[PDB]
Structure formats: C-alpha cells, structure tokens
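Heads up: the structure comes next, in structure tokens.
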Amino acid sequence: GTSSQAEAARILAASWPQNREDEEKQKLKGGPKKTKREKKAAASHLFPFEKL
Amino acid sequence: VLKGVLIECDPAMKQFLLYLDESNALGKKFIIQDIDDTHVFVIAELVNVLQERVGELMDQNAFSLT
Amino acid sequence: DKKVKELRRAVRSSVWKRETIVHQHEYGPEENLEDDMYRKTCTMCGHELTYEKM
Amino acid sequence: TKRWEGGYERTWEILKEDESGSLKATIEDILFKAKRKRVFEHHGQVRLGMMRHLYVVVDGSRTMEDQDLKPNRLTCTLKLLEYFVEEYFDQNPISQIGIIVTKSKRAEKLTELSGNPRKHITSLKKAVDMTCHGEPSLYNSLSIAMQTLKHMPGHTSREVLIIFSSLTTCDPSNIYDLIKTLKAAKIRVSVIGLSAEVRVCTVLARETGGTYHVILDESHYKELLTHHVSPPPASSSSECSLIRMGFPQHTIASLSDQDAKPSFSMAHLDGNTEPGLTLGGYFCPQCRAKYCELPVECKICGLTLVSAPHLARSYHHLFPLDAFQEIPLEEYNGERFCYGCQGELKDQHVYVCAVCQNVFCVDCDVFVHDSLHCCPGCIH
Amino acid sequence: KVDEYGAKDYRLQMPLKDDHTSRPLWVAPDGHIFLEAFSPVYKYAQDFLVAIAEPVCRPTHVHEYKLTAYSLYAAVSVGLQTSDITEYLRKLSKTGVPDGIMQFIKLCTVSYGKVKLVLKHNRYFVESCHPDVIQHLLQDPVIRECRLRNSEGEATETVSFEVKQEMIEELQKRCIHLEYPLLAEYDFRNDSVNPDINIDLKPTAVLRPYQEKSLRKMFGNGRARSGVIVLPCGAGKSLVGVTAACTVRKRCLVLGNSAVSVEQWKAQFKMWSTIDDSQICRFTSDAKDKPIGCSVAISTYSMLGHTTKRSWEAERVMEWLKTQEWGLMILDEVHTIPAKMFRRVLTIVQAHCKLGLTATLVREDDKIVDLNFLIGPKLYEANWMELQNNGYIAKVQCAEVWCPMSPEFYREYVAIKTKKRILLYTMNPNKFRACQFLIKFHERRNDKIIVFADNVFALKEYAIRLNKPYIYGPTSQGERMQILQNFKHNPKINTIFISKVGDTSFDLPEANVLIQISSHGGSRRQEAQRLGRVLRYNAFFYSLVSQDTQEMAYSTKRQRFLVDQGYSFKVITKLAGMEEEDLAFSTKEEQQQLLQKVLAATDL
DNA sequence: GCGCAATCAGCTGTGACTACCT
DNA sequence: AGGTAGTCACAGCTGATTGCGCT
Ligand SMILES: [Zn+2]
Ligand SMILES: [Zn+2]
Ligand SMILES: [Zn+2]
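Chains as they are written, first to last, in the entry's author numbering: chain H, 889 to 940; chain G, 4 to 69; chain K, 220 to 273; chain E, 8 to 387; chain A, 52 to 208, 267 to 645, 655 to 722.
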C-alpha cells in the first residue's frame with residue numbers, strides 16, 4: 889500500500905550510503921559553490937542521468 | 004531494565020548481527036534485544052569479537068591490492 | 220527419465236513456505252538472583268536473559 | 008612491394024648527444040617546433056563573398072511524421088533550420104532568408120524574404136506544432152520562389168534550398184520546363200533529401216548548378232547545413248552593385264535629458280502581442296522610425312538599417328597581414344626586446360615586419376597573424 | 052634490497068643523474084621502466100620502448116613497462132642491435148643503467164640467431180650457424196626422440270637435422286630452457302617452391318598509422334615472423350590480418366572461435382582483398398564449398414582437433430589439408446590458444462608464419478607464458494588511451510554503480526554458503542530497479558543498450574519482466590541472427606540481453622550503453638571483451663554489483679586489466695530521480711515473494 | 001516416398017568450489 | 001600446520017538421428 893511504498897523507499901534509498909552522507913551534507917558548506925570552474929568540472933565528470 | 008550498548012547501522016549489518024546471534028558464531032546468544040530494523044542492543048562485554056567479525060566480513064569481499 | 224525428473228520436483232518445491240524456524244524466545248518463569256536480578260531462560264533454544272527490574 | 012615490408016622506422020634516432028647533456032637543447036627546438044601549428048588563417052578558404060537571397064522549402068507531408076530522427080523528422084529539421092539561420096546570418100551581413108512550406112500539393116510562404124533573424128526563428132518555433140497532411144509539391148514551391156526572386160538584382164546570388172522528406176511530388180504541369188526556366192533565370196537550387204535519392208531532385212540540382220545530398224544521420228544533416236552556410240565565391244568585379252543603406256545610432260532615452268521621447272517600435276507594432284513601449288532604440292537616419300532589432304530593413308522609407316561593426320568584421324580578409332620574416336636571434340643586430348609585448352627576446356628566431364622593421368616574438372607574431380590581423384608597428 | 056619501509060629502494064644502485072632531468076625514463080635493477088608522458092620526447096621514447104619492451108600499465112601521466120626475455124628477443128628480431136639498444140637506453144636513463152640489466156640484456160640478446168627452425172617439403176628442420184651447439188644439445192634426452200631414424204648426421208652444405274613433426278611443441282618448450290630460443294622467419298620473397306597466389310588487396314582500404322607501425326614491425330627486414338598483435342575489437346583488427354595475408358602472398362588459413370566468425374572473416378576478405386569466391390573456401394561442415402584446391406581457407410577451432418570419429422568428407426578434407434605448407438596461418442582470439450585441445454592444433458597443421466590476433470591478452474591459469482613459444486613473442490600492444498584520444502575509438506565513460514542488499518535477501522545470502530548464494534545477489538531487487546531505471550533513461554535518450562547477464566536462469570525472469578528480447582544461447586541460429594540484425598536498424602526496439610554469448614568476437618552492431626550484471630568471477634578477459642563491444655563521451659557502460667557480497671570483490675579484482683589499460687571506474691552510489699518514476703518491486707510484498715521463486719531451484 | 005531443417009549426444013573451454021597428504 | 005583433480009554452471013563445436021513439407 890501507500891505506507892508500504894514509503895517504508896520500502898526509506899529502507900532502500902538510504903540503507904548504507906546515506907545515513908552518513910546525508911548527515912555530512914547537513915554539516916557541510918551549505919552556501920554557494922567555491923568557483924564556477926568547480927561546477928563546470930563536476931558537470932563534465934557527471935553522468936547524463938545525474939545532471940537531470 | 005536492560006543495560007548495554009546501542010548499535011546503529013544499515014539493515015544489512017543488523018541482519019548480519021542477527022545471523023551471528025542465531026548461528027551462535029560468537030559462542031553465545033549475547034545479542035539479546037532488537038529494538039528497530041536499523042538499531043540493536045548488545046551487551047558491551049563482547050564488542051571486540053563483534054568488531055573482529057565485522058572487519059573479517061568487510062575485508063573478505065574486498066580484494067586488497069597489497 | 221528427463222521428462223519425469225523435470226516435473227517430479229515442481230510439486231516437491233511448491234509445498235514448503237516457511238524455511239526459517241521461528242526464533243521468538245518464549246521465556247518461562249523468571250528466576251530471582253541477588254541484587255534484584257531477574258533471569259529469563261528460553262524454552263526453545265536455552266537463551267538466558269538477565270535484567271534488573273525496578 | 009609495400010611500404011611497411013621494408014625497413015622498420017627508428018624515430019628515436021633523431022636525438023643526438025655530443026657533450027653528454029646537450030639533449031635538453033634539442034627538446035627546446037621541439038618546443039619551438041610545437042608552436043606555429045596553424046596556417047595563420049582562421050578560415051583559409053573563401054576570401055570574399057556575395058549577397059544571397061536564400062529560400063528554404065520545408066516538406067509538410069505525412070513522411071515528416073517518420074521517427075528516423077528523434078523525435079520525428081519535422082522537429083529535428085526545424086531545430087537544425089534555426090541553427091542554420093543563426094549561423095547564416097552570423098556569416099552573412101546583408102543576406103536574406105525566406106521560408107516556404109509545402110503541404111497538401113500546395114505551397115505557403117511562411118515568412119517573407121527579409122534579413123531579420125529573430126522573425127524567422129519565431130516563425131519556425133510556431134511552425135513546430137503544425138499539422139502534416141497531404142503530399143509535397145515541388146512545382147508550386149519552385150514557382151513561388153522563382154516569382155519572388157525573378158525581380159531581384161543580377162548581382163545578388165539567388166539560391167533556393169529544398170528539404171525534401173517525401174519521395175513523391177505532385178506536379179500540376181511539366182517540371183522540366185520549370186527547370187529550364189530556372190536555368191535561364193540563373194537560380195541555384197540545392198536539395199537535401201532525407202529518405203533516398205530521387206531522380207527529379209538530382210536532375211534539378213545538376214541542371215541548375217546546385218548540389219544534391221542525402222542525409223545519413225543528424226550529424227550528417229548538420230554537416231550539410233554547415234556546408235550550405237558558406238557563401239559562394241564571387242568574381243573580382245562583376246557589376247555596379249551598390250545599395251543605399253543607413254546606419255542607425257543606438258540612442259537610449261534618459262529622463263535626465265529633456266529629449267527623452269518614448270515611442271513604440273515599428274516592428275513591434277506589427278506583432279499580435281502588445282508592442283514594447285521602451286525608452287528608446289535605433290532611429291532611422293531617413294524617417295526617424297524606431298526599431299529594436301538590427302539588421303532590419305525600414306518598413307516606412309524602405310531603407311536598410313545595418314550595424315557598422317558587422318560589416319567591418321570581415322574587412323581583414325580584404326587586407327590580409329603579410330607574414331613576418333623569420334630571422335635568427337644571432338643574425339639580428341638590434342634591440343632584444345619585443346616591440347609588442349616588451350618581453351625579452353630569448354627564442355632562437357625573431358620575426359621582423361617588412362614595413363616598420365619591428366621585432367616580435369613567437370607569441371606576438373602568432374597573436375598578430377591570428378587575432379589582431381594588423382601590425383601594431385604599422386599602425387603608428 | 053633494503054626494507055626500511057617495506058619498499059625496494061635502489062638509491063645507491065643508480066646514481067648517474069648527471070645533468071639533470073631531461074631524460075624522461077627510470078630503470079630498475081631487476082627490471083622495470085618508468086616513462087614520463089609529459090615530455091617533449093614522449094613519442095620517440097614511446098616508440099623506443101614499444102620495440103624493446105611490453106607495457107605493464109599505461110595511465111595518463113606515468114607509464115610503466117616491463118623488461119622480459121621475450122621482449123628482448125622481439126627487439127633483436129627487428130634490425131635493432133645490442134649496441135644500439137644499450138646506447139639508447141643509457142642515452143635516456145636520467146639515473147644510469149644498473150649493472151644487472153646490461154648483463155641481462157647481453158645474455159638475452161647473444162643467443163637469438165644461433166638456432167633456427169625451417170619448413171621444407173613438409174619436413175621440419177632445425178638449422179644452426181654454429182655446429183658446436185648441435186653437439187651441445189645432443190646429450191639432451193628429450194631432443195633425441197625427435198630424430199627418426201636417429202638422423203645419423205644429416206650432412207648438408267651449417268649443421269641441420271630433422272625433427273619429429275608432432276613433437277615440435279616439446280622441443281620449442283625445451284629450447285628456451287636451454288637458452289637457445291627458436292626463431293620463426295619466413296623469407297617469402299624468394300621461395301620458388303611454394304605456389305604463391307594472386308591475392309591483392311584493393312588500393313582503397315586505408316589503414317591507420319598504428320596499424321602501419323604494427324605491420325612494419327611484423328615485416329622488419331623483408332621477412333615475416335610469427336607474432337601476436339593486440340588491438341581493440343572496435344579498432345581495425347581484421348584489416349591488419351587481411352593486409353598481412355596480402356603481403357605474405359601465400360596460401361592463407363584463418364582460424365576463428367565461433368561458427369559465425371568464419372563468415373565475418375570471409376566478408377572481410379571479400380571486402381578488402383579482391384579475391385574470387387572460387388579460391389575462398391569455408392570448412393565448417395555447413396556448405397563444404399569444395400575446400401580442395403583453394404587459396405584461402407577459413408575454419409574454426411574444435412574442428413581441426415577432433416579426437417573422435419570424423420565425417421567422411423571432413424576426413425578427406427583434413428587429409429588433403431595436412432599434406433601441404435601453409436602461409437601465414439592466422440589465429441583469431443589467440444588468448445584462448447593454451448587449451449587442452451587448441452594447443453595441438455598448431456601441431457596438426459604445417460605453416461611457416463603463425464600470426465595471432467586478439468583484443469584481451471589477459472587470461473587466468475598463467476598460461477599466457479606458454480603462448481610465447483606456442484606462436485611467438487608479443488609483437489605489438491596498442492595504447493588504448495592515445496587510441497581514443499585520436500577519436501577513432503569511442504571514449505567510454507566507465508561506471509561501477511553498486512546497489513545495497515535488500516533486507517529480505519541479505520539474511521538468505523549470509524545463511525547459505527554452498528554455491529546457492531549466486532542467485533541471491535544476482536537477483537537483487539535494488540539492482541533490478543537500478544537496471545530498469547538505466548534502461549528507461551537510455552531509451553528516453555535513444556541509446557542502444559546491450560545487457561550482459563550470465564546465470565541465464567536469472568536472466569529469464571530478468572528479461573521477461575520488462576518484456577524485452579533476450580538471447581538464451583541454446584535457442585537456434587536464425588533467431589539470434591535475425592534479432593541482432595533488427596536490433597540496429599529499428600527505432601522501436603533498441604535494447605537487447607546477451608547471456609555469455611557476446612563474450613567473443615561477433616558481429617554485434619554499434620551500441621553506446623552496456624550494462625553487465627552477475628558475470629563470471631574474475632574474468633578480466635570477459636569484462637575487457639564486453640567493454641570492446643561498445644567502443645568503435656560518445657559511449658559509456660555500467661557495471662551493477664551488490665554491496666557486502668562476493669560480487670564486490672569480483673568487480674574489484676576484474677577491473678584491474680582496464681585500469682592498467684588506462685580506464686577509471688567512477689563509483690555511483692545514488693541514482694538521480696530513482697523515486698521520480700515508478701519501478702518494479704516498489705513494495706515489499708513482491709520483494710519477499712521473489713525469495714520463494716529464487717530459492718525454488720533446489721538443485722540437489 | 002524423398003529432401004531440408006530441427007534436435008540431441010558427445011566432447012571441450014572457462015571460471016570457481018571442494019575433499020585428502022608433506 | 002597449508003595446496004590440486006573431480007564437480008558444477010553455462011556457453012561453444014561437430015557427429016549422427018528424426019519428425020515435417022508436397023505445383
Ligand atoms: Zn526609415
Ligand atoms: Zn612579444
Ligand atoms: Zn609592421
């Protein structure tokens with residue numbers, strides 16, 4: 889059901905590599921990017937499905 | 004009441020700890036109380052053997068290049 | 220032999236549903252030790268549960 | 008015999024040593040060999056040009072619904088047509104583009120022949136969601152293009168581009184008579200098909216002097232359009248071709264001055280949307296009409312308004328910069344500081360201009376021959 | 052030699068760092084070469100090192116090569132002499148050659164041309180310039196069985270004697286142990302005994318400069334020597350073989366791996382050699398286009414080495430084939446030459462030059478060393494990074510995206526260990542969702558997708574769930590061919606599934622997306638071949663593995679060949695927009711239902 | 001009734017898991 | 001106190017059989 893969908897999503901999308909990555913992001917830069925060069929390099933090195 | 008150590012981890016490691024409890028791989032059933040799908044309660048007198056087992060599991064499927 | 224072997228296991232593997240035994244510990248009466256300590260022993264696997272009751 | 012069946016090449020034999028440490032100097036030459044990898048020409052092809060009145064004919068039949076190019080032929084065709092219009096107006100200052108759409112055995116002039124880039128792009132974007140019905144009629148589109156381009160001056164190069172998707176055309180009359188009429192009228196017709204080669208298109212392109220091509224994929228489509236972007240070569244001196252055109256100054260209006268008169272743009276008045284009531288814009292030198300876009304021919308007095316920098320951007324082709332004489336540093340008896348960058352001359356070769364006899368390093372010589380296109384010493 | 056930090060330090064061994072750093076090279080005492088790529092002399096140093104040593108890793112900045120005896124044999128096979136190579140290595144050392152390499156190089160290069168093997172009148176002979184070496188090897192017990200009947204002196208002219274044809278592999282293995290390696294040189298310019306054919310490639314099939322270098326190194330002094338050329342599948346590999354066959358100008362025999370590779374080679378020959386169909390023959394027991402009396406013959410393995418009863422026509426064809434010399438016997442997919450029955454194939458036919466071609470020279474069981482004497486030395490090793498920098502090879506963006514184990518599956522994974530856990534991490538619901546998301550995304554962006562998946566039992570429910578075409582493998586010949594033929598030129602269908610079938614050189618069309626799930630354990634050859642099916655960021659391929667399982671270790675240990683080739687595997691832990699759309703196994707009900715059907719195997 | 005294509009038996013390659021002697 | 005021939009999975013090949021089609 890609707891509750892089962894939410895439970896499965898919570899179990900899957902955040903099982904191992906989110907319980908620390910999300911916490912680090914909450915304790916991260918937060919503000920704007922360092923330079924525009926970093927953003928361009930990140931966009932170049934990111935996959936097409938990660939830029940949408 | 005129960006006194007010990009709360010262990011928080013991913014569900015995969017929680018189930019690995021549960022398997023260790025049921026298989027008696029540590030020699031006893033010291034994994035007593037399960038509270039959540041991602042949290043467990045373990046007696047603190049044998050946290051070392053649990054750490055050794057976790058390290059063995061982790062580096063077993065690692066293929067160190069050393 | 221092959222055509223009977225390929226179907227003999229179809230009904231064999233369709234019967235069992237639960238493989239893992241239920242591990243729910245059905246502790247019996249509590250045993251009282253010193254310092255208000257209470258121990259519970261599982262009647263299925265012999266698991267011992269020692270706790271302090273307020 | 009074969010070239011590779013002889014002796015094996017030893018490319019490492021080039022390097023040599025005489026003082027047990029001279030190898031560095033050799034690689035220095037390699038560094039000097041690293042530079043000057045260009046021909047000192049950003050284009051290196053046609054050094055002149057000629058005005059073009061190009062017509063783009065777009066098929067609107069059911070064959071445009073084919074999904075050979077994602078999502079369908081019509082969408083990719085219109086996207087590449089927008090790109091082609093932008094590039095064509097970038098590389099041609101005083102050219103004109105008209106758009107005709109063929110559909111249901113008829114031809115409709117989607118956009119009149121003009122030099123405005125924004126109008127054509129908007130028309131194409133509107134036409135993206137058109138309905139594809141019927142079959143194309145090359146005869147009607149060619150007749151309309153010939154009728155419009157018949158009265159154009161002879162010095163202008165009259166070109167028609169046909170994007171023929173469907174493999175069949177309905178001709179109300181004989182088309183070879185029309186082809187002969189086009190040949191007598193000196194009209195260049197080029198066709199870029201999408202499915203396969205058609206005999207009539209090949210005959211038309213061969214007789215009218217144009218080029219006929221067939222699309223392999225979207226990349227080949229873009230390559231063909233880019234090839235069509237380049238203007239045709241022109242004679243050294245053909246005729247008395249001159250055109251009266253103005254140069255509107257971009258005068259903005261400020262409330263600090265008392266000459267701030269708000270005015271509606273003449274081009275924006277013709278649109279369905281509310282015309283922009285801006286402070287100011289481009290004023291016609293003849294009738295003081297207000298316009299927001301350039302180059303746009305004036306609707307009132309008929310004068311053409313062209314931006315001077317666009318015309319001046321191609322002047323370096325008329326006066327190419329002569330190559331500087333490469334002179335070794337030892338053989339030059341003079342100052343050892345570069346005239347352009349004031350840097351010390353340490354390279355093995357020093358370039359000296361033939362006019363002002365100034366010394367330029369490798370970097371300054373490359374910069375002058377590639378971008379500046381003018382000798383700084385000769386300017387003074 | 053010293054182990055202060057556990058690192059072999061050679062600071063005192065090679066101090067010749069005169070002036071000062073201009074030589075982009077470092078030598079090792081035992082043996083190794085480190086090359087600096089960011090040098091003005093990079094191309095010349097690379098050309099020098101390729102001709103003398105084989106690479107061990109080619110990352111973007113610092114290449115590493117290894118010095119081996121066979122590499123030096125290949126170097127001295129070309130016109131390069133000992134003095135030239137020694138003086139040029141000393142020329143670019145920047146540290147000084149240790150006195151353990153010069154002696155090693157001298158010892159390797161001294162005994163190169165002393166012993167030669169020749170084929171004449173369907174007879175194998177071993178000829179030596181120095182008569183003493185014959186008496187040196189006379190006392191060897193293994194060699195004495197080759198001669199029959201004892202070959203008392205075989206007085207000719267230069268001392269030579271006959272050897273047993275079927276025991277040539279044994280003597281080839283023994284000679285290198287005797288420090289007298291054999292050389293396979295075919296001077297096809299002047300034979301006057303072998304009936305050369307009129308093959309001549311059309312002068313329209315141009316070849317890239319690296320192919321020119323490989324061919325030029327093949328024919329160094331007007332003669333052809335047996336060797337191995339390693340080129341990517343997407344790059345031009347069949348063209349090199351066709352050009353070599355045309356240059357040899359003799360009767361050619363081509364060996365493939367599958368029954369469809371022979372058609373591929375026939376098509377390549379008909380395309381780039383201008384050979385009449387009468388001379389071209391294929392011997393694979395399908396049409397039997399009169400292989401008797403032919404110029405070029407194409408066949409496959411597992412047919413020339415049958416140990417069982419053979420067909421009547423095939424028996425006569427083999428009898429005819431084993432009665433004449435062969436020119437430039439070409440082997441395809443040479444990596445799987447060292448097999449139980451494939452090794453004897455070279456001993457069942459007689460040929461002058463044996464040219465092996467492959468894309469993935471890596472293999473387990475350390476049997477690649479045997480290939481050094483089975484065929485010859487590793488001639489050319491193409492640099493994949495510079496190959497893709499020129500734009501002729503698609504720059505594939507490698508990805509290693511893993512998925513967590515679902516709780517309903519990890520308990521069973523840790524519960525069972527007797528080989529029953531393969532299906533558990535093979536059919537991970539999270540991996541299934543990731544694969545479905547990738548399929549949908551790359552179909553929305555219109556990219557051809559090839560999904561490799563071993564363990565076809567899992568692939569069944571993996572493919573029928575999405576209702577997409579798949580190749581079980583034991584289906585038929587027509588169905589697979591038609592599926593692969595309509596996969597390319599059809600916009601409606603642009604994704605296929607392959608189960609270990611595409612792990613060889615096939616005619617699969619161009620694709621941009623490859624997704625591999627649950628492949629073999631540590632088959633670097635298999636992963637390299639799968640990667641080769643994509644290149645021909656134009657393209658990119660993904661590998662899906664399950665965390666906290668043996669598949670993680672397998673993926674880690676199988677990608678080392680590619681990182682040696684210069685590729686980098688980016689790790690993707692989160693998929694953007696995973697929950698944006700609906701995917702299969704959304705709820706836990708079907709996930710736990712999957713356990714019963716995945717444990718329903720019970721293969722006992 | 002004959003002829004072509006589908007089908008299986010037997011052997012082999014590749015990679016990995018497992019039970020007794022220096 | 002530490003390592004290799006059988007065994008299993010999944011593919012390939014060729015050598016026969018073996019039911020299916022008929023202007
Ligand atoms: Zn005006
Ligand atoms: Zn300067
Ligand atoms: Zn000047």
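Cβ atoms here follow ideal geometry from the backbone N, Cα and C, with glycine treated the same way.
Kindly indicate the opening and closing residues of the alpha helix (DSSP H) around residue 208 of chain E.
Taken as a continuous stretch (DSSP letters only), the alpha helix (DSSP H) holding residue 208 of chain E covers 206-215.
Mind pulling the chain A residues with CB within less than 8 Å of residue 893 of chain H?
Near residue 893 of chain H (Cβ distances below 8 Å), the residues of chain A are 704, 705.
Closer than 8 Å by beta-carbon distance: list the chain G residues that pair up with residue 246 of chain K, in chain order.
Correct list: empty, because the minimum Cβ distance to chain G is about 11 Å.
Among A:533, A:367, A:383, which residue has its Cα nearest to the Cα of residue 718 of chain A?
Answer by Cα proximity: A:533.
If you measure beta-carbon to beta-carbon, which residues of the segment 247-263 of chain K are closer than 8 Å to chain A?
Flagged: no residues at all.
What does residue 174 of chain A pair with, by DSSP beta-bridge criteria?
In DSSP, residue 174 of chain A forms a bridge with A:171.
For residue 557 of chain A, does the count of other Cβ atoms within 10 angstroms reach 16, so buried, or fall short, so exposed?
So residue 557 of chain A counts as buried.
For residue 695 of chain A and residue 701 of chain A, I'd like the C-alpha separation in whole angstroms.
Cα to Cα, the separation comes out at about 11 Å.
For residue 42 of chain E, go through chain A and note every residue whose CB falls closer than 9 Å to its CB, in chain order.
Neighbours of residue 42 of chain E on chain A: none; closest Cβ ~12 Å, over 9 Å.
Following the continuous beta strand (DSSP E) through residue 441 of chain A, name the residue where it begins and the one where it ends.
Note, residue 441 of chain A: beta strand (DSSP E), 438-441.
Is residue 219 of chain A helix, strand or coil when you go by DSSP?
For chain A, the structure lists 208 followed at once by 267, and that leaves residue 219 of chain A out of the model.
Kindly examine ligand 1 and report whether one of its heavy atoms sits closer than 8 Å to the Cβ of residue 310 of chain E.
Residue 310 of chain E Cβ: within cutoff of ligand 1.
Counting only beta-carbon atoms, is residue 238 of chain K nearer than 9 Å to chain A?
Chain A contact via Cβ: present.
Can you give me, in chain order, the residues of the segment 513-529 of chain A that have a beta carbon less than 7 Å from any beta carbon in chain G?
Residues passing the 7 Å Cβ filter: 513, 514, 516, 519, 520, 523, 524.
Using a cut-off of 7 Å between C-beta atoms, extract the partners of residue 671 of chain A located in chain G.
Near residue 671 of chain A (Cβ distances below 7 Å), the residues of chain G are 64, 65, 66.
Could you check what DSSP says for residue 430 of chain A in three-state terms: helix, strand or coil?
In the structure shown, residue 430 of chain A sits in a helix (DSSP, three-state: H, G or I).
Residue ranges of each beta strand (DSSP E) run of no fewer than 3 residues wholly in the segment 524-572 of chain A, ordered along the chain?
Counting only runs of 3 or more, we get 558-562.
Taking 9 Å as the threshold (C-beta atoms), are residue 704 of chain A and residue 893 of chain H in contact?
Yes, they are a contact pair.
Suppose contacts are defined by Cβ-Cβ distances below 9 Å. Is residue 109 of chain G in contact with residue 50 of chain G by that definition?
There is no way to answer for residue 109 of chain G, as the model of chain G reaches only from 4 to 69.
Comparing the C-beta of residue 4 of chain G with each C-beta of chain K, is any distance below 9 Å?
Interface residue, yes.
Considering only their Cβ atoms, is the gap separating residue 326 of chain E from residue 375 of chain E smaller than 9 Å?
No, they are not a contact pair.
Count Cβ pairs between the segment 80-99 of chain E and the segment 35-46 of chain E that sit closer than 8 Å; are there 3 or more?
The segment 80-99 of chain E, when compared against the segment 35-46 of chain E, does not touch it at the 8 Å Cβ threshold.
Can you check DSSP and say which residues form a bridge with residue 22 of chain G?
DSSP, once it has assigned bridges, lists no residue as partnering residue 22 of chain G.
Tell me which same chain residues have a C-beta within less than 7 Å of the C-beta of residue 288 of chain A, skipping the five on either side of it?
Answer for residue 288 of chain A: 162, listed in chain order.
Can you name the residues of chain A whose CB is closer than 7 Å to the CB of residue 12 of chain E?
Within 7 Å Cβ-Cβ: 328, 331, 356.
Give me the DSSP bridge partner(s) of residue 251 of chain K.
Per DSSP, K:257.
Please classify residue 374 of chain E: does DSSP put it in a helix, a strand, or coil?
Note: residue 374 of chain E maps to helix in three-state DSSP.
In whole angstroms, give me the CA-to-CA distance for residue 105 of chain E and residue 130 of chain E.
So the two alpha carbons sit approximately 11 Å from each other.
In the segment 22-35 of chain G, which residues sit with their C-beta less than 7 Å from some C-beta in chain K, listed in chain order?
Those residues of the segment 22-35 of chain G that come within reach of chain K (Cβ to Cβ, closer than 7 Å) are 25, 32, 35.
Listing by chain order, which chain A residues have their CB less than 8 Å from the CB of residue 916 of chain H?
By Cβ distance, chain A contributes nothing, its closest Cβ being about 15 Å from residue 916 of chain H, past 8 Å.
What is the rounded straight-line gap between the Cα of residue 240 of chain K and the Cα of residue 25 of chain G?
Those two C-alpha atoms are separated by around 10 Å.
According to DSSP, which residues form a beta bridge with residue 101 of chain A?
DSSP, once it has assigned bridges, lists no residue as partnering residue 101 of chain A.
Taking the beta strand (DSSP E) that residue 69 of chain A falls in, what are its first and last residues?
Careful: residue 69 of chain A lies outside any beta strand (DSSP E) and carries neither H nor E.
So, residue 197 of chain A versus residue 280 of chain A, is the Cβ gap smaller than 9 Å?
Their beta carbons are under 9 Å apart, which means residue 197 of chain A touches residue 280 of chain A by this criterion.
Could you tell me if the beta carbon of residue 39 of chain E falls within a distance shorter than 8 Å of some heavy atom in ligand 2?
No, the Cβ of residue 39 of chain E stays beyond 8 Å of every heavy atom of ligand 2.
Could you give the uninterrupted runs of the beta strand (DSSP E) lying entirely in the segment 75-138 of chain A, keeping only those of 3 residues or more?
Qualifying beta strand (DSSP E) stretches, in chain order: 76-78, 84-87, 105-108, 113-117.
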